[PDB]
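S.K.: Submitted below is the structure of interest, expressed as structure tokens.
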Amino acid sequence: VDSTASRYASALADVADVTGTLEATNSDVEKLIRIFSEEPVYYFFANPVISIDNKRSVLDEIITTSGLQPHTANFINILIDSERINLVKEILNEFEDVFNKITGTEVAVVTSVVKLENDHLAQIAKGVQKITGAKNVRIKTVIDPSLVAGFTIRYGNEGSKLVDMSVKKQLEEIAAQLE
Amino acid sequence: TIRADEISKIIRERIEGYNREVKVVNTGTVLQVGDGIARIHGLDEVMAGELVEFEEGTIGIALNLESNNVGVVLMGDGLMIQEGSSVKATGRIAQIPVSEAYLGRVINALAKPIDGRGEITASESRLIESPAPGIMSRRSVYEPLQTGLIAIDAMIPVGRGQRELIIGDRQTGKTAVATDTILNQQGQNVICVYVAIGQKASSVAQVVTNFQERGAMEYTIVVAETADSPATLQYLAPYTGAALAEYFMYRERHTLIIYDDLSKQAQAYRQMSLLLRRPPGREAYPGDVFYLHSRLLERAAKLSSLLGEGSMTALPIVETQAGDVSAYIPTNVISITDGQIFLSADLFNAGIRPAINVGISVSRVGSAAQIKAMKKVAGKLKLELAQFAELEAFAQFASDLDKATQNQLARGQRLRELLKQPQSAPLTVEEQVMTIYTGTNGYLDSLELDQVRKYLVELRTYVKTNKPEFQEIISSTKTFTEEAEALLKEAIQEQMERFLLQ
Amino acid sequence: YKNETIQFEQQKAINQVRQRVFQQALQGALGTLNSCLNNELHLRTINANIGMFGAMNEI
Amino acid sequence: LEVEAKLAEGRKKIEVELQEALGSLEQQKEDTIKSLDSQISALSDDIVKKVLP
Amino acid sequence: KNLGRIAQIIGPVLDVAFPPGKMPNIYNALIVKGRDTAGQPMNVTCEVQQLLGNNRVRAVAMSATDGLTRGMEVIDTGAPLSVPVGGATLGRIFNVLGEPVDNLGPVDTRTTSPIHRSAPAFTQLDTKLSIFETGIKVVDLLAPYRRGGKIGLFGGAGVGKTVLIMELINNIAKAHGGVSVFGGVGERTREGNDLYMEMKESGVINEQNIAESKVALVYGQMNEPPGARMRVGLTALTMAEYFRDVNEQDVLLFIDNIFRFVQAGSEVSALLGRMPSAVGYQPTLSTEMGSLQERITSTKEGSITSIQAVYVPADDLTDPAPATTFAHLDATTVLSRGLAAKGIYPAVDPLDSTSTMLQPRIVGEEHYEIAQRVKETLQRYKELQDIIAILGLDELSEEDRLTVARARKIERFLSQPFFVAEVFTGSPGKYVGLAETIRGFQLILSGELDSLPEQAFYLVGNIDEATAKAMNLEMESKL
Ligand SMILES: Nc1ncnc2c1ncn2[C@@H]1O[C@H](COP(=O)(O)OP(=O)(O)OP(=O)(O)O)[C@@H](O)[C@H]1O
Ligand SMILES: [Mg+2]
């Protein structure tokens with residue numbers, strides 16, 4: 001994808017990569033996402049009517065308490081100057097996808113009816129680094145009851161590639177008995 | 001009609017030998033649904049033109065593979081497709097099951113039956129978007145396609161492997177030119193495909209009723225997408241019909257295909273393209289509408305003896321608007337097609353039926369289509385209707401002229417009575433040679449115009465019964481031999497004697 | 001053609017009865033499976049499912 | 001006109017034969033749904049061995 | 001050496017994303033590494049049309065994009081479409097890509113040339129107005145051709161346009177040391193196969209000993225995507241200017257037709273999203289035509305003369321597709337369906353065919369004076385056909401008894417046998433020079449040959465051959 005939100009996030013990652021603050025910058029970017037969730041905080045930055053000069057002063061105070069990285073504080077200042085603060089949320093989310101690309105890591109999603117153990121997670125991570133080529137592999141879990149018993153993982157560059165065996169047995173048997 | 005004794009096995013029959021294989025699919029999520037389009041996030045590995053399947057079972061073709069999303073055009077109503085719901089690419093690109101057992105089945109644009117007569121037993125599959133034969137796979141058009149109309153099969157001859165265009169304004173007789181062509185090959189072993197894009201469902205049912213009465217459905221597939229259907233099904237319906245006609249053509253069988261309006265296919269691809277935000281052109285069509293119809297019609301030509309000499313004679317029908325031949329979709333198909341059959345409503349109201357405007361209508365194959373018997377006789381019909389075309393201004397002034405001109409006005413007014421056929425009364429080639437030999441050689445100058453129709457019907461039923469040796473000369477040798485020219489003249493002077501008494 | 005219609009309606013009757021029977025069977029099996037012990041079934045299931053996962057990744 | 005009337009009357013007769021046959025087979029499938037129940041139990045019991053390895 | 005990735009596939013139009021430094025410039029060929037229906041590799045060739053910014057180009061495919069996936073690797077070739085040129089191209093049918101589609105093996109060449117190229121410079125042109133000698137009497141008298149000019153055929157089928165083209169291929173190969181290139185821009189595959197077999201039949205393509213052949217065929221079909229069709233004219237032209245520049249020959253180029261070059265550029269531009277120009281064409285129509293037509297020129301080395309068929313949309317000569325074409329044209333040859341019905345071959349209309357070359361400072365006064373007398377005689381006979389149908393010949397004046405008899409003798413002596421019809425009719429063809437054409441029509445118009453019959457000028461080459469056929473008929477009638 002190449003949209004304005006994606007374009008900005010990619011720049012932010014590239015500067016971190018140059019300066020070797022990829023771990024350090026990523027923590028700050030995660031820290032920002034908590035900040036901009038709040039409807040009141042996001043609204044103040046986003047709306048055109050509030051004066052830009054006031055926005056910087058408030059932003060500086062926010063940066064100090066936060067203790068953000070020197071570029072990360074710039075990056076928000078750049079967004080504010082160039083009017084694209086209305087799409088901060090898209091930009092922040094976009095950065096995570098870019099950050100995985102730079103490391104060479106991959107992300108996976110595995111879902112189950114009941115919570116499961118760590119060795120299963122490590123072996124799914126093994127299989128996903130096999131079929132994907134993660135330099136390293138990463139994993140996430142979301143407990144959903146409306147399946148039968150299985151696990152579904154979800155991976156790829158987007159949340160695209162899906163394999164599972166819980167209810168796909170049953171829906172598959174409906175669609176195979178119509179044959 | 002016994003079920004419940006064997007239901008207790010069939011449930012255990014599908015579970016036996018069931019693979020349950022885990023394989024990687026490309027999943028997406030639905031971003032937005034509207035107007036039969038689905039923008040889809042994900043599907044990172046989908047190929048262009050691939051069928052994707054939705055939740056609630058709707059299938060669509062991924063056409064726009066854009067950088068942020070995939071523009072999927074739905075093959076059905078997307079009313080039950082929910083925002084955020086999953087969607088998975090199926091792995092295949094637009095097939096139909098293909099078989100001998102489509103002959104007589106009214107199927108729709110995925111070649112599923114809509115006649116309510118059971119499934120179709122099929123074992124092979126053809127691609128809907130198949131490529132055309134190349135240059136070295138073809139042969140020159142040399143065999144006739146007998147349509148049963150004198151105005152076409154004499155002067156605008158359609159051969160096998162030729163794409164001819166039936167064109168005119170609405171209610172001129174375009175369907176009847178195409179239907180009577182299908183009704184003529186009851187004895188020839190061509191297979192007809194009648195594709196009906198965007199029509200009223202009542203008129204598809206009247207064509208199949210016309211076909212089943214006259215025994216035409218023993219060699220006919222009717223592909224039908226009624227105007228209620230989505231625009232994807234109307235866009236893919238002649239490609240479904242052309243894929244069925246390519247099946248028989250590669251199995252050495254000769255075929256005819258009729259597209260009942262290519263005009264409504266172009267409007268159905270303009271609908272999808274404007275909803276897929278593709279930039280338009282003249283009459284809001286995309287740039288691909290030429291490449292739509294040229295990819296369709298070039299699949300229909302005549303094959304070489306290294307392949308088996310199957311043919312696919314396309315007769316696309318295009319409707320113009322107030323005779324605007326220079327409109328965008330008539331301009332494309334006239335460029336693509338070999339010949340054009342121009343039908344005019346000023347001849348349909350005057351009684352000239354089928355309303356062929358034979359002056360403007362052309363055929364690029366030319367006389368290579370016609371048989372040798374037809375080349376001899378229709379060499380005189382073309383010249384003498386051209387001499388009557390220059391003298392149309394003189395018909396009001398027939399008295400004030402010499403006999404060299406006035407006989408040409410008298411001859412040309414009976415040569416137009418040759419061309420008049422009623423609907424669904426196609427003539428055999430032997431009956432066409434009799435009619436043009438009689439008219440172009442002076443044997444109708446004694447008759448009033450009310451009787452030229454009644455004379456030829458009685459002379460065609462005379463030689464059918466009394467002189468059957470004429471039909472064997474033209475069926476086998478296919479040449480207007482000096483024997484048959486003697487045998488035909490004996491039939492004329494005996495019929496003119498019986499017709500004058502009456 | 002009417003006998004063609006009657007044979008098609010035999011096919012349709014068989015098909016709808018088979019599918020309604022099977023949906024009855026599905027929802028019965030679903031009730032029984034959701035009546036089953038979570039711990040015993042899942043451990044075998046996850047272990048076998050993840051083994052099949054790694055096996056098809058080897059395949 | 002006489003044989004066209006014969007055609008139309010025969011067509012009505014075959015239509016009523018159709019409705020009798022279709023109503024009969026619908027009653028037949030009503031009977032095999034109302035019966036055939038150990039099939040239901042065993043068909044549930046057979047797939048439960050297939051959903052799990 | 002650059003790998004790109006497909007960013008989007010919208011129709012025949014691709015967007016390919018490249019690394020930030022390594023970057024194709026406009027018109028370079030992109031080779032998309034694709035996969036087929038079954039699973040084998042098959043590659044798709046493209047051409048950069050737009051640089052979209054952010055390291056991303058917009059390409060228009062030369063083949064089908066059906067089955068291309070976003071994210072397949074694309075090779076930047078660094079050059080536009082290079083196409084084989086030489087004597088390895090003679091007798092062969094080519095793709096847009098320079099690929100042989102006539103199933104006779106690969107092109108065993110060692111030379112290629114890019115199809116996108118500047119014109120010859122201002123220095124390199126051949127300013128001398130030369131007449132091109134076709135060996136055909138109607139053309140060499142009434143509608144002469146430049147050597148290095150652009151000619152238009154206004155004819156359909158059933159007018160002998162395919163025989164007239166093959167005669168020009170055979171005459172340039174025999175009289176001069178020339179070759180020909182036929183370019184089929186958006187051609188039907190039925191008539192594309194019909195033309196290749198009649199070229200085999202008329203000996204113009206030598207099917208037994210190829211590379212002894214006279215033509216190189218380049219065919220772009222109608223079922224090609226619009227990108228390929230825009231390019232076929234240029235591909236044909238790049239072969240034609242290898243023979244011009246390197247072999248120093250005089251080439252015929254044939255574009256059949258030049259309107260389908262226009263509409264294929266109109267389709268690509270609409271797919272690229274350009275705001276269209278007047279009457280729906282591309283806004284770059286004056287330069288897209290000018291890019292093809294300014295390479296067709298006479299240099300100091302050789303010349304390329306292009307005889308290109310022209311379709312007039314809506315029978316409007318002020319339409320932007322003929323109006324941009326007719327600006328570059330230098331002669332128009334109108335073929336006539338009515339003159340073919342009389343039996344005259346070649347069925348060139350003498351009165352509606354024009355040239356800019358039929359000026360007395362160019363062709364000389366002896367040729368200009370005679371071409372006007374022939375036109376004035378044929379125009380007077382065209383007026384008198386209603387009077388002969390009312391009066392008859394015996395009631396016309398004595399001055400006008402001659403201008404019917406002479407004009408009926410001119411209409412026969414304009415016809416000619418061709419070398420490409422020696423299998424079709426049996427009568428051997430005649431190459432008639434410009435010297436024997438002017439001396440032919442001087443004798444008919446000065447009235448010396450008013451003793452000869454009418455059917456002594458029909459299908460004869462020279463004016464001596466006219467009196468020979470006549471003295472044969474005086475010896476055949478007495479028997
Ligand atoms: N040769 C004929 N003689 C008499 N009537 C004819 C003939 N051909 C067609 N008709 C009649 O003309 C009417 C229009 O013909 P047809 O349905 O073929 O039109 P069409 O060209 O398909 O027009 P549309 O596309 O608008 O339906 C029909 O009612 C048909 O019965
Ligand atoms: Mg119709």
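By order in the structure tokens, chains are A, B, ...; within a chain, residues start at 1; ligands start at 1, following the order shown.
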Could you give me the residues within 8 Å of ligand 2, counting only C-alpha atoms and all ligand atoms, as JSON, numbers by chain?
M.R.: {"B": [170, 171, 173, 174, 175, 176, 199, 260, 261, 317]}
S.K.: Do you know which residues are at most 12 Å from residue 7 (chain C) counting only C-alpha atoms, after dropping those on the same chain fewer than 2 positions away, and could you put them as a ChimeraX atom specification?
M.R.: /B:1,116-119 /C:1-5,9-14 /D:18,21-22,25
S.K.: How many Å separate atom 20 (P, counted along the ligand's line) of ligand 1 from CA of residue 424 (chain B)?
M.R.: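 For atom 20 (P, counted along the ligand's line) of ligand 1 relative to CA of residue 424 (chain B), the distance reads 13.7 Å.
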S.K.: I want to know what sits within 12 Å of residue 30 (chain A), based on only C-alpha atoms, with residues of the same chain fewer than 2 positions away left out; could you give that as a VMD selection string?
M.R.: chain A and resid 23 to 28 32 to 37 66 68 to 69 72 89 91 to 96 99
S.K.: Give me, as a list in words, the residues of region 263-431 of chain E that a backbone DSSP run labels strand (DSSP E).
M.R.: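 Checking each residue of region 263-431 of chain E, the strand (DSSP E) ones are residues 303, 304, 305, 306, 307, 308, 309, 331, 332, 333, 334, 354 and 355 of chain E.
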S.K.: Would you save the residues from that selection as a PDB file, in the first residue's frame, using C-alpha atoms?
M.R.:
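Once everything was written out, this is selection_24.pdb:
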ATOM      1  CA  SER E 303      14.454   6.710 -48.540  1.00  0.00           C
ATOM      2  CA  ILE E 304      11.379   5.156 -47.028  1.00  0.00           C
ATOM      3  CA  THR E 305       8.130   5.849 -48.858  1.00  0.00           C
ATOM      4  CA  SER E 306       5.014   4.825 -46.982  1.00  0.00           C
ATOM      5  CA  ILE E 307       1.758   3.985 -48.713  1.00  0.00           C
ATOM      6  CA  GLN E 308      -0.694   3.930 -45.843  1.00  0.00           C
ATOM      7  CA  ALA E 309      -4.394   3.184 -45.960  1.00  0.00           C
ATOM      8  CA  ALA E 331      -0.640  11.984 -52.503  1.00  0.00           C
ATOM      9  CA  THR E 332      -3.983  10.216 -52.271  1.00  0.00           C
ATOM     10  CA  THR E 333      -4.864   7.169 -54.359  1.00  0.00           C
ATOM     11  CA  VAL E 334      -8.632   6.646 -54.516  1.00  0.00           C
ATOM     12  CA  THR E 354      -4.512  13.605 -56.242  1.00  0.00           C
ATOM     13  CA  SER E 355      -0.891  14.489 -55.679  1.00  0.00           C
TER      14      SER E 355
END
S.K.: Just want the 9 Å neighbourhood of residue 176 (chain A), counted on only C-alpha atoms, with same-chain residues fewer than 4 positions away dropped. Output as a PyMOL selection string.
M.R.: (chain A and resi 171-172) or (chain B and resi 14-15+18)
S.K.: Report, in Å to a single decimal, how far apart CA of residue 425 (chain B) and atom 22 (O, counted along the ligand's line) of ligand 1 are.
M.R.: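 Spanning atom 22 (O, counted along the ligand's line) of ligand 1 to CA of residue 425 (chain B) is a straight-line distance of 16.7 Å.
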S.K.: Quick one: everything within 8 Å of residue 73 (chain E), counting only C-alpha atoms, minus sequence neighbours fewer than 3 positions away in the same chain. Send it as a list in words.
M.R.: residues 3, 4, 5, 6, 32 and 33 of chain E
S.K.: Dump the neighbourhood of ligand 1 as a ChimeraX atom specification: all residues within 10 Å, distances computed on only C-alpha atoms and all ligand atoms.
M.R.: /B:149,166-180,199-200,203,207,260-261,317-320,343-345,348-349,351-356,419-426
S.K.: Mind listing as a VMD selection string which residues of chain C are within 9 Å of chain A, counting only C-alpha atoms?
M.R.: chain C and resid 15 18 to 19 22 to 23 26 30 33 to 34 38 to 39 41 to 43 45 to 47 49 to 50 53 to 54 57 to 58
S.K.: Report as a tab-separated table: every residue of chain B with an atom at most 8 Å from chain A, its closest pair of atoms, and their distance in Å to one decimal, counting only C-alpha atoms, with rows sorted by chain and ascending residue number.
M.R.:
residue	atom	partner	partner_atom	distance
B:11	CA	A:177	CA	7.9
B:14	CA	A:177	CA	5.9
B:15	CA	A:173	CA	7.8
B:20	CA	A:169	CA	6.9
B:22	CA	A:163	CA	6.7
B:23	CA	A:163	CA	6.8
B:24	CA	A:163	CA	6.0
B:25	CA	A:161	CA	6.2
B:26	CA	A:161	CA	5.3
B:27	CA	A:160	CA	4.8
B:28	CA	A:160	CA	5.7
B:42	CA	A:160	CA	5.6
B:43	CA	A:160	CA	6.3
B:44	CA	A:160	CA	7.0
B:67	CA	A:1	CA	5.1
B:68	CA	A:1	CA	4.8
S.K.: Skip residue 36 (chain D) itself and residues of its chain fewer than 6 positions away, then list as a ChimeraX atom specification all residues within 10 Å of it, counting only C-alpha atoms.
M.R.: /B:3-5,7-8 /C:21
S.K.: Can you pull out the residues contacting residue 134 (chain A)? Cut-off 7 Å, using only C-alpha atoms, and skip same-chain residues under 4 positions away; I want them as a list in words.
M.R.: residues 104, 105, 106 and 129 of chain A
S.K.: Restricting it to N, CA, C and O atoms, dump the selection as a PDB file, in the first residue's frame.
M.R.:
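Ended up saving to again-v7.pdb:
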ATOM      1  N   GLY A 104      12.711  -7.678   9.341  1.00  0.00           N
ATOM      2  CA  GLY A 104      12.690  -8.951   8.647  1.00  0.00           C
ATOM      3  C   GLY A 104      11.838  -9.945   9.430  1.00  0.00           C
ATOM      4  O   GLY A 104      11.814 -11.129   9.115  1.00  0.00           O
ATOM      5  N   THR A 105      11.158  -9.460  10.473  1.00  0.00           N
ATOM      6  CA  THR A 105      10.254 -10.260  11.287  1.00  0.00           C
ATOM      7  C   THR A 105       8.958 -10.511  10.517  1.00  0.00           C
ATOM      8  O   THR A 105       8.635  -9.800   9.567  1.00  0.00           O
ATOM      9  N   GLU A 106       8.218 -11.531  10.925  1.00  0.00           N
ATOM     10  CA  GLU A 106       6.837 -11.642  10.511  1.00  0.00           C
ATOM     11  C   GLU A 106       5.870 -11.846  11.665  1.00  0.00           C
ATOM     12  O   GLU A 106       6.227 -12.326  12.726  1.00  0.00           O
ATOM     13  N   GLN A 129       7.799 -19.267  10.450  1.00  0.00           N
ATOM     14  CA  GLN A 129       9.095 -18.849   9.933  1.00  0.00           C
ATOM     15  C   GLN A 129       9.578 -19.779   8.828  1.00  0.00           C
ATOM     16  O   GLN A 129      10.368 -19.375   7.967  1.00  0.00           O
TER      17      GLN A 129
END
S.K.: With only C-alpha atoms as the atoms that count, which of E:65, E:277, E:55, E:89 lies nearest to chain A?
M.R.: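 Among the listed residues, E:55 lies closest to chain A.
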S.K.: Where does chain D meet chain B within 7 Å, residue by residue, with the nearest atom pair and distance in Å to one decimal for each, counting only C-alpha atoms, listed by chain and rising number, as a tab-separated table?
M.R.:
residue	atom	partner	partner_atom	distance
D:32	CA	B:4	CA	5.5
D:36	CA	B:4	CA	6.1
D:39	CA	B:8	CA	5.1
D:43	CA	B:11	CA	6.6
